[PDB]
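Chemist: Have a look at the structure that comes next, please.
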Amino acid sequence: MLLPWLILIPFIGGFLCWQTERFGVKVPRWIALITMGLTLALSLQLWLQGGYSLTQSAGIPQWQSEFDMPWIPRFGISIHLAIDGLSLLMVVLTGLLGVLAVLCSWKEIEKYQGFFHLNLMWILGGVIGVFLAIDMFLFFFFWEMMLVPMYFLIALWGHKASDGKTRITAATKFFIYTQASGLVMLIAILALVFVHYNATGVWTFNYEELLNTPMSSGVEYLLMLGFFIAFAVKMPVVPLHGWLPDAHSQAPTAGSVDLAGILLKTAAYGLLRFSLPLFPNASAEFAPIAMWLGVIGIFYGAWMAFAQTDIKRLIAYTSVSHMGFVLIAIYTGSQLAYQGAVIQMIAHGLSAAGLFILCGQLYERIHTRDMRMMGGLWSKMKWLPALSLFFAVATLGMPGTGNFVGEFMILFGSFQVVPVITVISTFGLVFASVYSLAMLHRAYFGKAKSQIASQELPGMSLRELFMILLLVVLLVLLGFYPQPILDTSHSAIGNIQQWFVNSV
Amino acid sequence: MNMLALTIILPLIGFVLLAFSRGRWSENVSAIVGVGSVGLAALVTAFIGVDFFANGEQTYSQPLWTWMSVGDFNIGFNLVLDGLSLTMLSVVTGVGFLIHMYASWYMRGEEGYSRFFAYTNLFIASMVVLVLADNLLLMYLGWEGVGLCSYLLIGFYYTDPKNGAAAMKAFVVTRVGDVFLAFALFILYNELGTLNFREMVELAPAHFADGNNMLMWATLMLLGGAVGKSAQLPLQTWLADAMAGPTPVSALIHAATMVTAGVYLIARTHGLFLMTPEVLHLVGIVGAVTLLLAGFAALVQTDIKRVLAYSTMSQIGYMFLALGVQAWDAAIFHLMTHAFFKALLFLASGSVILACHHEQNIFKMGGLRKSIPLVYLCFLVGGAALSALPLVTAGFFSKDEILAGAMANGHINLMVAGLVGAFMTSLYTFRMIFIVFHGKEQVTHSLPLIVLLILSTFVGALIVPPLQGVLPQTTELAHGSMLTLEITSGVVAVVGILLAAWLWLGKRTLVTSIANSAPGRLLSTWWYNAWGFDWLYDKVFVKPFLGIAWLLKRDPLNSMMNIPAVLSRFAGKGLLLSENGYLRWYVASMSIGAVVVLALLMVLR
Ligand SMILES: CCCCCCCCCCCCCCCCCC(=O)OC[C@H](COP(=O)(O)OCCN)OC(=O)CCCCCCCCCCCCCCCCC
Ligand SMILES: CCCCCCCCCCCCCCCCCC(=O)OC[C@H](COP(=O)(O)OCCN)OC(=O)CCCCCCCCCCCCCCCCC
Ligand SMILES: CCCCCCCCCCCCCCCCCC(=O)OC[C@H](COP(=O)(O)OCCN)OC(=O)CCCCCCCCCCCCCCCCC
Ligand SMILES: CCCCCCCCCCCCCCCCCC(=O)OC[C@H](COP(=O)(O)OCCN)OC(=O)CCCCCCCCCCCCCCCCC
Ligand SMILES: CCCCCCCCCCCCCCCCCC(=O)OC[C@H](COP(=O)(O)OCCN)OC(=O)CCCCCCCCCCCCCCCCC
Ligand SMILES: CCCCCCCCCCCCCCCCCC(=O)OC[C@H](COP(=O)(O)OCCN)OC(=O)CCCCCCCCCCCCCCCCC
Ligand SMILES: CCCCCCCCCCCCCCCCCCCC
């Protein structure tokens with residue numbers, strides 16, 4: 001019922017942001033703010049009225065809300081939306097990150113702010129549609145429609161200090177990676193649909209109907225490989241990862257594009273929702289390769305993050321390492337590891353959002369991003385180094401922050417499954433602490449290594465400090481009280497885990 | 001007794017207020033907030049102890065909420081209070097209050113006053129979380145928070161990069177220890193299904209009746225986490241380097257909080273270590289070797305803070321030796337007494353540093369007894385308690401209990417190592433005392449020094465921790481055996497002090513002869529650098545890490561997946577050569593395609 005409005009309110013808001021630019025240059029930011037305010041209010045209303053804490057696991061499918069409309073009846077294609085605990089959590093996270101993205105670009109008084117705002121809303125609507133669609137063609141449609149505004153924002157509104165050609169190259173590389181992976185996913189979807197059509201005789205793209213599809217061993221492996229290649233590009237999983245630091249480096253200076261669609265983890269939701277239930281035996285066979293890819297991703301991202309002289313690339317490689325942790329969690333087949341994966345994705349979204357916002361503020365003050373041109377900024381700034389210290393301690397897995405809770409539940413479930421990957425991942429956590437301390441001391445501690453870092457800098461604004469402290473409060477409350485988030489997603493995790501382990 | 005959570009709430013409130021003050025408050029107001037938060041923490045601890053002794057030493061449990069509940073994985077936010085928890089809580093709160101008062105005097109005129117007090121208040125709150133936790137995950141929360149506060153306080157002077165490097169080393173080595181502790185947590189939850197200490201002890205022997213390898217592994221990783229936190233073998237190298245922080249930070253880390261967490265972890269999970277005797281024997285061996293190496297390192301050192309650091313390392317080795325000989329009560333008693341006299345020694349060392357206009361070399365120092373009598377008497381009684389001077393100091397009674405517990409349990413070599421370590425302890429302690437305080441001259445802070453002065457004497461040994469019914473009783477020694485053991489320990493301490501007076505109180509003529517000899521300089525260079533452990537961990541863990549980072553800084557996998565892009569570019573550039581614009585070549589290509597199509601149709605027919 002409210003799911004089509006949840007998807008369509010960003011699109012109508014973006015159209016109104018573009019159209020209301022003639023009323024004034026300061027108008028579209030307010031329109032975008034009310035748009036994500038209404039979206040977040042609807043998401044919280046769905047959270048309150050869903051009764052997710054009292055919902056028990058009944059088996060796939062089990063949706064707390066559901067909408068259906070025929071879209072292409074020739075192929076049996078429908079606009080078919082469904083929300084449950086995991087999808088509702090990611091929709092709430094999408095709404096909150098969109099609110100933060102609108103609030104982060106409040107000072108842009110550019111003459112074409114309407115198109116920037118419209119592209120931001122179209123990105124957010126695409127992410128919401130990805131999290132809500134349970135039709136394969138519709139899910140793929142959202143998966144690929146959310147990339148065009150990201151491309152145009154990176155290419156046209158990106159890093160102004162860098163050359164234009166670097167922005168074009170980064171946007172084109174990101175688009176090529178994501179769309180080629182999406183086309184491989186579309187081939188896998190089409191082959192699965194044709195297998196189901198040959199088995200039964202009905203045209204369908206609905207994910208509930210494609211679950212009970214008899215596939216030979218090896219065909220299911222190929223379909224799982226196509227799905228996993230798409231999700232591994234978007235997660236990212238090594239070596240399908242360089243698009244993420246390249247796009248983060250040439251992103252807009254405010255950082256709203258990072259918060260809009262890049263930092264929201266749709267690929268692991270696709271792995272939990274689509275890769276494991278549709279192909280359970282193939283995923284059980286693929287689990288060692290995927291989890292060793294996760295181990296390699298954790299250590300590779302840690303070694304890249306330690307070696308970066310740039311803050312944005314550093315945080316991108318932190319994202320690579322944490323997504324390696326989540327990838328290890330997904331193929332365990334454990335309820336505890338899955339709940340820890342959900343907590344880890346939410347906490348990583350919050351922590352990386354705070355880190356990227358603070359990096360944007362720091363670049364605004366000091367007009368550079370190289371870590372060799374700064375140092376000793378604790379005495380030159382009022383609020384920024386302490387909040388950046390809090391977020392850097394958050395991403396190394398410190399208790400009191402939700403990252404520790406998510407990573408430790410992941411490792412508990414994984415050790416209940418496999419010990420060696422767990423112990424290597426915990427040494428990866430040591431590596432994560434290493435790169436966090438390296439970033440902290442190259443950025444804010446020591447003596448000034450240039451001239452711009454030796455001058456006093458203006459403090460952060462009240463709205464910006466308000467949203468940063470809101471992120472701080474949310475991370476602390478997730479670290480100390482993660483229970484409502486756990487009972488929200490307990491039914492979906494239970495259904496996915498029971499389908500994965502009862503069909504292998 | 002219901003105010004058990006206030007001992008965390010008050011330091012947390014103080015930390016939050018002093019962090020969000022951002023130095024805008026006055027130094028008097030910031031000092032009042034910080035030392036008042038720790039003072040009401042100590043006062044609530046005193047009321048808790050009064051109610052605990054009035055209730056007949058009953059173990060108290062106060063749940064607050066459930067931290068996580070995922071199926072069988074149930075971790076709660078519950079605090080527990082037994083005799084051991086009360087002992088460590090009283091030690092942390094009282095010694096931290098005294099250190100906070102001395103810091104309120106000491107940090108005057110310094111930048112970062114409120115930041116310092118907020119970090120110390122968070123340190124105190126995290127230690128109360130550590131010592132009050134009833135399950136392993138809450139104790140891990142306190143463990144990691146204590147490590148974070150130690151990292152934040154070691155590199156307090158952020159302008160000097162050496163402090164930052166020391167903070168990195170401390171946090172990285174302690175994080176490796178915490179990862180080993182995490183391994184222990186994972187094994188224990190996988191085998192027993194719970195992390196509560198009582199429940200783990202209850203369901204351990206029923207589950208481990210057939211196989212004991214997993215419990216042995218869990219206790220081994222518990223020992224690894226303990227030696228990571230307590231600066232023992234093989235994770236001890238961070239202490240000396242991370243000694244670059246302020247004096248109250250050093251006193252809080254070395255006496256009150258940080259190095260006693262491993263001892264508390266071994267004593268709290270003593271049942272699991274009791275059903276795995278080889279791991280407990282390894283605890284004893286690790287403590288003996290660590291105390292011997294720490295004594296030999298402190299013998300030849302030229303920095304007073306570093307000497308006190310290796311003295312603290314030797315005392316934690318003594319506590320680990322006491323834990324390895326199942327002398328748990330002796331270990332906790334030595335923890336309390338060592339906290340008292342090490343806090344006194346560190347605060348008096350800070351007074352000496354301030355009086356000697358920021359000089360930290362002992363050989364530059366000389367004749368400070370005449371300049372400052374009170375600090376000299378502080379150093380005298382602190383070194384007498386550290387060297388176990390008989391019948392007047394609490395350290396003598398603590399080490400006597402440790403050695404009697406080692407002797408009564410049939411551990412002969414550990415007792416011999418303890419006697420040798422006591423000899424070397426008196427040696428380096430009075431060596432540094434005689435070098436600093438003898439030779440040729442070249443109400444806020446007095447009260448904690450006086451309180452620690454009283455507590456470093458036999459009055460500190462008059463306090464007995466209520467560990468009966470929590471930790472098992474040590475086996476009793478014979479009257480003649482304990483008498484000759486006390487006589488031997490006193491004789492060893494007096495002989496060490498007298499030979500230190502023979503060597504360093506007068507002109508160091510034969511000492512220079514050993515120092516300048518080739519085997520003497522070899523041994524001095526070996527013991528000065530902590531037996532090459534820091535060099536080994538630099539060449540085995542740091543340098544290959546830096547080399548791999550330098551090799552991978554160009555992202556080889558990115559180039560590996562960019563190889564198809566350059567292949568496509570090269571193929572397109574090569575294929576564009578066919579578009580030369582010549583019509584005759586176009587007709588020739590059409591005829592070539594006709595030949596190819598016809599030949600392919602004839603072959604495949
Ligand atoms: C896990 C592996 C198996 C599954 C793979 C699934 C496919 C998706 C994930 C892999 C995608 C790899 C894409 C690599 C190229 C990325 C795009 C890129 O780098 O574009 C920038 C580049 C131009 O940049 P620049 O050099 O600055 O230009 C100035 C020169 N005049 O542009 C160029 O140089 C031209 C780019 C041409 C188009 C891109 C190359 C297409 C190659 C085939 C794509 C399908 C993948 C097939 C398998 C490849 C091998 C794994
Ligand atoms: C560059 C990017 C794209 C990659 C290249 C393009 C895709 C390549 C796909 C190669 C597939 C090779 C298949 C080889 C065997 C074919 C014959 C066969 O065994 O057919 C079996 C079956 C037809 O017999 P049937 O009676 O229908 O039995 C039903 C069985 N469940 O067959 C069926 O029912 C249909 C079988 C479909 C198999 C899956 C095809 C798509 C899989 C996803 C994409 C490829 C894998 C991922 C990417 C790899 C790296 C790029
Ligand atoms: C311009 C130039 C540059 C750009 C272009 C570069 C090249 C692009 C094209 C690359 C891909 C080529 C085709 C790869 C797929 C081949 C499929 C195949 O041979 O399938 C055979 C068989 C089919 O299964 P079948 O036996 O029919 O099962 C039914 C009865 N059991 O299959 C099986 O039985 C299962 C076989 C599984 C292993 C084969 C698939 C490997 C996929 C490699 C990529 C993914 C690796 C894993 C993930 C890494 C990280 C993402
Ligand atoms: C680790 C340190 C020691 C712990 C205290 C501080 C922790 C961090 C403070 C911020 C986060 C707090 C999150 C929890 C707040 C209380 C809400 C709560 O958990 O309620 C649950 C419980 C009632 O529900 P019940 O069913 O009994 O619980 C089982 C759960 N299904 O509720 C009850 O039974 C009542 C519990 C009351 C607890 C009051 C604690 C006040 C703490 C003030 C701290 C101020 C500074 C905060 C920031 C510090 C730095 C991060
Ligand atoms: C829980 C009990 C203990 C158990 C172990 C817990 C371990 C994990 C704890 C996580 C919390 C964060 C710890 C580290 C924070 C360090 C922040 C810091 O350094 O603050 C000091 C700084 C003022 O220092 P100063 O240099 O004087 O000022 C800047 C120059 N003008 O301050 C500032 O500049 C302003 C304040 C900056 C941020 C302070 C900390 C924020 C996070 C904690 C509070 C969150 C909000 C409270 C409510 C939560 C929800 C109930
Ligand atoms: C002890 C015996 C048992 C073994 C247990 C496991 C290993 C324990 C290792 C203990 C010693 C660790 C020492 C770490 C020192 C860190 C501080 C330091 O040296 O900082 C200097 C430098 C600062 O960084 P930056 O700002 O970039 O400056 C560049 C310098 N010009 O920063 C650096 O140079 C970065 C240093 C990174 C250190 C990474 C450590 C990785 C540990 C991996 C553990 C593996 C466990 C398994 C081992 C094999 C078992 C078979
Ligand atoms: C998807 C976005 C998640 C943001 C972080 C949320 C973390 C959970 C916070 C829950 C509220 C904690 C504080 C209030 C506790 C109220 C308890 C009521 C029942 C006793």
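Convention: chains lettered A, B, ... in structure tokens order; per-chain residue numbering from 1; ligands numbered from 1 as shown.
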Extract, using only C-alpha atoms, all DNA, RNA and protein residues at most 9 Å from residue B:334, discarding same-chain residues fewer than 3 positions from it, and format them as a tab-separated table (two decimals) with N, CA, C and O atoms, in the first residue's frame.
Modeler:
```tsv
chain	number	residue	atom	x	y	z
B	315	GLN	N	56.50	-7.07	38.72
B	315	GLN	CA	55.47	-7.33	39.73
B	315	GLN	C	54.26	-8.05	39.13
B	315	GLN	O	53.68	-8.93	39.78
B	318	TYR	N	55.21	-11.49	38.97
B	318	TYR	CA	55.02	-12.10	40.28
B	318	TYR	C	53.57	-12.53	40.49
B	318	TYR	O	53.31	-13.61	41.03
B	319	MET	N	52.62	-11.68	40.10
B	319	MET	CA	51.21	-12.04	40.22
B	319	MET	C	50.85	-13.22	39.33
B	319	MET	O	50.07	-14.09	39.74
B	329	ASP	N	44.57	-15.83	46.24
B	329	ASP	CA	44.44	-14.79	47.26
B	329	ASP	C	45.73	-14.00	47.42
B	329	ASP	O	45.70	-12.77	47.58
B	330	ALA	N	46.87	-14.69	47.35
B	330	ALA	CA	48.16	-14.01	47.37
B	330	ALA	C	48.33	-13.10	46.16
B	330	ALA	O	48.88	-12.00	46.27
B	331	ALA	N	47.85	-13.55	44.99
B	331	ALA	CA	47.93	-12.74	43.78
B	331	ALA	C	47.11	-11.46	43.90
B	331	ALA	O	47.58	-10.38	43.53
B	337	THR	N	48.50	-4.34	47.06
B	337	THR	CA	49.68	-3.69	47.63
B	337	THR	C	50.55	-3.05	46.55
B	337	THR	O	51.06	-1.94	46.74
B	338	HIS	N	50.72	-3.74	45.41
B	338	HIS	CA	51.51	-3.19	44.32
B	338	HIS	C	50.84	-1.97	43.71
B	338	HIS	O	51.53	-1.03	43.30
B	339	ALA	N	49.51	-1.97	43.64
B	339	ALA	CA	48.79	-0.77	43.20
B	339	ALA	C	49.12	0.40	44.11
B	339	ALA	O	49.47	1.49	43.63
B	394	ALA	N	54.16	-3.58	53.03
B	394	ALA	CA	53.14	-4.52	52.58
B	394	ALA	C	53.66	-5.43	51.48
B	394	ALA	O	53.16	-6.56	51.31
B	395	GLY	N	54.65	-4.96	50.71
B	395	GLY	CA	55.23	-5.78	49.66
B	395	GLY	C	55.91	-7.03	50.18
B	395	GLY	O	55.89	-8.07	49.52
B	397	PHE	N	54.93	-8.76	52.86
B	397	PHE	CA	53.87	-9.72	53.18
B	397	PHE	C	53.27	-10.31	51.91
B	397	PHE	O	52.98	-11.52	51.86
B	398	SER	N	53.09	-9.49	50.87
B	398	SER	CA	52.53	-9.98	49.62
B	398	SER	C	53.45	-10.99	48.95
B	398	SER	O	53.01	-12.08	48.53
B	399	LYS	N	54.74	-10.66	48.84
B	399	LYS	CA	55.69	-11.59	48.23
B	399	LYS	C	55.91	-12.82	49.09
B	399	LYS	O	56.15	-13.91	48.56
B	401	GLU	N	53.51	-14.23	50.90
B	401	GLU	CA	52.35	-15.06	50.60
B	401	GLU	C	52.50	-15.75	49.25
B	401	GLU	O	52.17	-16.94	49.11
B	402	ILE	N	53.02	-15.03	48.25
B	402	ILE	CA	53.21	-15.62	46.92
B	402	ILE	C	54.22	-16.76	46.97
B	402	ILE	O	53.98	-17.85	46.44
```
Chemist: Could you pull out the helix (DSSP H, G or I) residues of stretch 200-436 of chain B from DSSP and send them as an MDAnalysis selection string?
Modeler: chainID B and resid 200:207 213:229 238:244 247:256 258:268 270:274 277:299 304:324 328:355 368:371 373:386 394:408 412:436
Chemist: Need the shell around stretch 165-170 of chain B: protein/DNA/RNA residues with any atom at most 7 Å away, counting only C-alpha atoms. Skip same-chain ones fewer than 4 positions apart. Format as a list in words?
Modeler: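 Contacts, with the query itself left out: residues 437 of chain A; 151, 154, 155, 161, 174, 238, 241 and 242 of chain B.
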Chemist: Let me make sure I understand: among B:120, B:74, B:190, B:85, which one has the smallest atom-to-atom distance to residue B:99 if we use only C-alpha atoms?
Modeler: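 Looking at the shortest contact to residue B:99, the residue is B:120.
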Chemist: With distances taken over only C-alpha atoms and all ligand atoms, which residue among B:75, B:221, B:601, B:450 lies nearest ligand 6?
Modeler: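 Selected residue with least distance to ligand 6: B:221.
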Chemist: List all protein, DNA and RNA residues that have an atom no more than 7 Å from any atom of ligand 5, counting only C-alpha atoms and all ligand atoms, and report them as JSON, numbers by chain.
Modeler: {"A": [378, 379, 381, 382, 383, 386, 387, 389, 390, 398, 399, 400, 401, 472, 473, 476, 477], "B": [8, 12, 16, 19, 20, 21, 22, 23, 112, 113, 114, 115, 122, 125, 126, 129, 141, 142, 144, 145, 146, 148]}
Chemist: Let me see the file: selected residues, N, CA, C and O atoms, as a short mmCIF file (atom, residue, chain, number, x, y, z; two decimals), in the first residue's frame.
Modeler:
```cif
data_model
loop_
_atom_site.label_atom_id
_atom_site.label_comp_id
_atom_site.auth_asym_id
_atom_site.auth_seq_id
_atom_site.Cartn_x
_atom_site.Cartn_y
_atom_site.Cartn_z
N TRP A 378 44.16 19.15 15.80
CA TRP A 378 43.38 19.17 17.04
C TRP A 378 43.37 20.57 17.65
O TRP A 378 42.34 21.01 18.18
N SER A 379 44.49 21.28 17.58
CA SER A 379 44.59 22.62 18.13
C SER A 379 44.02 23.69 17.21
O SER A 379 43.81 24.82 17.66
N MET A 381 41.13 23.23 15.17
CA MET A 381 39.70 23.06 14.92
C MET A 381 38.99 22.79 16.24
O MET A 381 39.57 22.28 17.19
N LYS A 382 37.70 23.14 16.27
CA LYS A 382 36.92 23.06 17.50
C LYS A 382 36.29 21.69 17.71
O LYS A 382 36.56 21.02 18.70
N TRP A 383 35.44 21.27 16.77
CA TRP A 383 34.66 20.05 16.93
C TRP A 383 35.10 18.90 16.03
O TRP A 383 34.93 17.74 16.41
N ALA A 386 37.66 15.70 17.17
CA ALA A 386 37.12 14.79 18.17
C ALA A 386 36.04 13.89 17.59
O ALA A 386 35.99 12.69 17.89
N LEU A 387 35.17 14.44 16.74
CA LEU A 387 34.15 13.63 16.09
C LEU A 387 34.76 12.66 15.09
O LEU A 387 34.30 11.51 14.97
N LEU A 389 37.75 11.41 15.45
CA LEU A 389 38.32 10.41 16.34
C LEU A 389 37.26 9.40 16.77
O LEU A 389 37.52 8.19 16.77
N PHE A 390 36.06 9.88 17.13
CA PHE A 390 34.98 8.97 17.51
C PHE A 390 34.61 8.04 16.37
O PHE A 390 34.42 6.84 16.58
N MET A 398 35.00 -0.91 17.95
CA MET A 398 35.07 -0.64 19.38
C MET A 398 33.70 -0.87 20.02
O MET A 398 32.69 -0.40 19.49
N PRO A 399 33.63 -1.60 21.13
CA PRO A 399 32.37 -1.75 21.87
C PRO A 399 31.85 -0.41 22.36
O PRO A 399 32.61 0.50 22.70
N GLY A 400 30.53 -0.30 22.41
CA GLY A 400 29.85 0.96 22.52
C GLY A 400 29.43 1.54 21.18
O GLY A 400 28.62 2.47 21.15
N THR A 401 29.97 1.00 20.09
CA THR A 401 29.55 1.30 18.74
C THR A 401 29.03 0.02 18.10
O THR A 401 29.48 -1.08 18.44
N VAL A 472 26.33 10.28 15.79
CA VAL A 472 27.06 9.80 16.96
C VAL A 472 26.11 9.12 17.95
O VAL A 472 26.39 8.03 18.46
N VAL A 473 24.97 9.76 18.21
CA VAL A 473 23.98 9.23 19.14
C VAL A 473 23.41 7.91 18.61
O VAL A 473 23.24 6.95 19.37
N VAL A 476 26.07 5.16 19.03
CA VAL A 476 26.20 4.77 20.43
C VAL A 476 25.01 3.92 20.88
O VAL A 476 25.17 2.89 21.54
N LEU A 477 23.79 4.34 20.50
CA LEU A 477 22.60 3.58 20.87
C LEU A 477 22.54 2.23 20.17
O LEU A 477 22.02 1.27 20.73
N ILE B 8 29.74 3.49 37.49
CA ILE B 8 30.00 3.74 36.08
C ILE B 8 29.34 5.02 35.61
O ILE B 8 29.88 5.72 34.75
N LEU B 12 31.14 8.30 33.74
CA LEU B 12 30.62 8.55 32.40
C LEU B 12 30.07 9.96 32.26
O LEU B 12 30.31 10.63 31.25
N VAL B 16 31.58 12.83 29.79
CA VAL B 16 30.74 13.50 28.81
C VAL B 16 30.78 15.01 29.01
O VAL B 16 30.95 15.78 28.05
N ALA B 19 34.28 16.36 28.10
CA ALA B 19 34.50 16.34 26.66
C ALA B 19 33.72 17.45 25.97
O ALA B 19 34.27 18.16 25.12
N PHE B 20 32.45 17.63 26.33
CA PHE B 20 31.65 18.66 25.67
C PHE B 20 31.91 20.06 26.21
O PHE B 20 31.39 21.02 25.64
N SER B 21 32.69 20.19 27.28
CA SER B 21 33.10 21.52 27.72
C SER B 21 34.09 22.15 26.75
O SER B 21 34.08 23.38 26.58
N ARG B 22 34.94 21.33 26.12
CA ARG B 22 35.93 21.76 25.13
C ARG B 22 36.91 22.79 25.68
O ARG B 22 37.39 23.66 24.95
N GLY B 23 37.21 22.71 26.98
CA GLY B 23 38.15 23.62 27.59
C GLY B 23 37.62 25.01 27.87
O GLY B 23 38.39 25.87 28.31
N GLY B 112 44.65 21.13 27.36
CA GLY B 112 44.00 19.84 27.37
C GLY B 112 43.62 19.34 28.74
O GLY B 112 43.64 18.13 28.97
N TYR B 113 43.28 20.25 29.66
CA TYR B 113 42.94 19.86 31.03
C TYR B 113 41.66 19.03 31.07
O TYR B 113 41.64 17.92 31.62
N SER B 114 40.60 19.56 30.46
CA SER B 114 39.32 18.85 30.44
C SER B 114 39.39 17.59 29.59
O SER B 114 38.73 16.60 29.92
N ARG B 115 40.18 17.61 28.52
CA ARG B 115 40.38 16.41 27.71
C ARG B 115 41.08 15.31 28.51
O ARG B 115 40.68 14.14 28.44
N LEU B 122 36.70 8.32 31.59
CA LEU B 122 36.29 7.20 30.74
C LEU B 122 37.11 5.95 31.04
O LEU B 122 36.58 4.83 30.99
N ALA B 125 35.58 4.52 34.25
CA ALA B 125 34.30 3.88 33.96
C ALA B 125 34.48 2.55 33.23
O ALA B 125 33.80 1.57 33.54
N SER B 126 35.42 2.51 32.28
CA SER B 126 35.68 1.27 31.55
C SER B 126 36.28 0.20 32.46
O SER B 126 35.96 -0.98 32.33
N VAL B 129 33.45 -1.20 34.48
CA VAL B 129 32.74 -2.14 33.62
C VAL B 129 33.48 -3.48 33.55
O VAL B 129 32.87 -4.55 33.63
N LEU B 141 33.84 -5.61 26.55
CA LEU B 141 33.52 -4.19 26.37
C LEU B 141 34.42 -3.33 27.24
O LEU B 141 35.03 -2.36 26.77
N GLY B 142 34.51 -3.67 28.53
CA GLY B 142 35.41 -2.95 29.42
C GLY B 142 36.87 -3.07 29.01
O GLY B 142 37.63 -2.11 29.11
N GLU B 144 38.19 -3.53 25.90
CA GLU B 144 38.50 -2.70 24.75
C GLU B 144 38.38 -1.22 25.07
O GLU B 144 39.15 -0.41 24.54
N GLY B 145 37.43 -0.83 25.93
CA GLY B 145 37.35 0.56 26.33
C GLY B 145 38.55 1.00 27.14
O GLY B 145 39.04 2.12 26.98
N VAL B 146 39.06 0.12 28.00
CA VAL B 146 40.26 0.39 28.77
C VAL B 146 41.47 0.53 27.84
O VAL B 146 42.30 1.43 28.01
N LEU B 148 41.33 1.48 24.68
CA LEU B 148 41.14 2.74 23.96
C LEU B 148 41.54 3.94 24.81
O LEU B 148 42.20 4.87 24.32
#
```
Chemist: For ligand 7, list the contacting residues at 7 Å or closer, counting only C-alpha atoms and all ligand atoms, as a PyMOL selection string.
Modeler: chain A and resi 89-90+92-93+346+474-475+477-478+481-485
Chemist: For a quick test of understanding: name the residues of chain A lying within 7 Å of chain B when counting only C-alpha atoms, and present them as a PDB file with C-alpha atoms, in the first residue's frame.
Modeler:
```
ATOM      1  CA  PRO A 239      38.997  -7.747  -7.604  1.00  0.00           C
ATOM      2  CA  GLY A 242      38.520  -0.264  -7.795  1.00  0.00           C
ATOM      3  CA  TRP A 303      46.476  -2.950   3.187  1.00  0.00           C
ATOM      4  CA  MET A 304      45.105  -0.474   0.633  1.00  0.00           C
ATOM      5  CA  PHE A 306      46.902   1.840   5.270  1.00  0.00           C
ATOM      6  CA  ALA A 307      48.756   2.825   2.078  1.00  0.00           C
ATOM      7  CA  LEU A 336      23.712 -15.389  14.540  1.00  0.00           C
ATOM      8  CA  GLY A 376      48.163  18.654  14.288  1.00  0.00           C
ATOM      9  CA  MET A 398      35.065  -0.640  19.384  1.00  0.00           C
ATOM     10  CA  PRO A 399      32.372  -1.746  21.866  1.00  0.00           C
ATOM     11  CA  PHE A 412      30.559 -15.893  16.643  1.00  0.00           C
ATOM     12  CA  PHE A 415      33.292 -19.746  14.366  1.00  0.00           C
ATOM     13  CA  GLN A 416      30.215 -21.874  15.002  1.00  0.00           C
ATOM     14  CA  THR A 426      39.856 -11.313  13.690  1.00  0.00           C
ATOM     15  CA  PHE A 427      43.431 -10.583  12.662  1.00  0.00           C
ATOM     16  CA  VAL A 430      43.618  -5.950  14.128  1.00  0.00           C
ATOM     17  CA  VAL A 434      45.974  -0.330  12.459  1.00  0.00           C
ATOM     18  CA  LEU A 437      45.092   4.755  13.974  1.00  0.00           C
ATOM     19  CA  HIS A 441      47.601  10.299  13.417  1.00  0.00           C
ATOM     20  CA  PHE A 445      48.035  14.562  15.348  1.00  0.00           C
ATOM     21  CA  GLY A 446      51.621  15.764  15.160  1.00  0.00           C
ATOM     22  CA  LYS A 447      52.939  19.058  13.808  1.00  0.00           C
ATOM     23  CA  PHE A 480      24.629  -0.372  23.571  1.00  0.00           C
ATOM     24  CA  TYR A 481      21.020  -1.244  22.617  1.00  0.00           C
ATOM     25  CA  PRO A 482      20.908  -3.217  19.346  1.00  0.00           C
ATOM     26  CA  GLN A 483      17.918  -5.294  20.480  1.00  0.00           C
TER      27      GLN A 483
END
```
Chemist: Could you list, as a list in words, every residue within 8 Å of residue A:313, counting only C-alpha atoms and ignoring same-chain residues fewer than 4 positions away?
Modeler: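 Close residues of residue A:313: residues 245, 246, 248, 249, 305, 308 and 317 of chain A.
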